[PDB]
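Take a look at this single chain in structure tokens; it is the form deposited in one PDB entry.
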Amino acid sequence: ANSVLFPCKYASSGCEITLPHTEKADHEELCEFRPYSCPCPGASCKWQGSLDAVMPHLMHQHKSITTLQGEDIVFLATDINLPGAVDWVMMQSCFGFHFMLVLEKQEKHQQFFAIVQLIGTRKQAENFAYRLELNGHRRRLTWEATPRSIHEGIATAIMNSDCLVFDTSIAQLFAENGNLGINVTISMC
């Protein structure tokens, strides 16, 4: 009688629908049951939810994250020299989306990694570029790349140095009064 149907790959998240194979990828791309992990670095939070639930999750459970508005902002990371492994996290709203800016300090001497991810898909992220600048007297260091999508996350890119990477000596060249300004410009491409 009927042909063989496939479960949606998000059946374990509650997705009841079964589909012919040709329709399966189309459906999973749009499935509201698709789970996303909390994108706030790094280990604490075990929340999972839908893509449209991520920004509300951040607003309700991570109140220390600020959200600036605009495509060209300044990310002031304060107290870059106070001891340990440390994270700074900020959201940036522009182009109808929210981008998360992360600066992570790792101990090795210390080094810093700065990266941007979009609360959105890879196909959406590929329409943007982000630029991180450090500005100092007669000095400028700039990184430009495509934002990571939250499904991809940022840990892999940081492991690969595929982001702005700089040491304590660099941070000191650019810091003022113990704080480091990072200019962040999101553009369409």
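Heads up: residue numbers just count along the shown sequence, starting at 1.
Although not depicted, the form deposited in another entry is the subject of the following passage.
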If one rigid part turns against another between this form and the one not shown, which of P56, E152, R131, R34 falls at the hinge?
-> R34
Closer or farther: the CA pair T121/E16 in the other entry, versus this form, with a change of 3 Å or more?
-> closer
Work out whether the Cα atoms of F97 and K24 come closer together or move farther apart in the other entry than they are in this form, the change being 3 angstroms or more.
-> farther
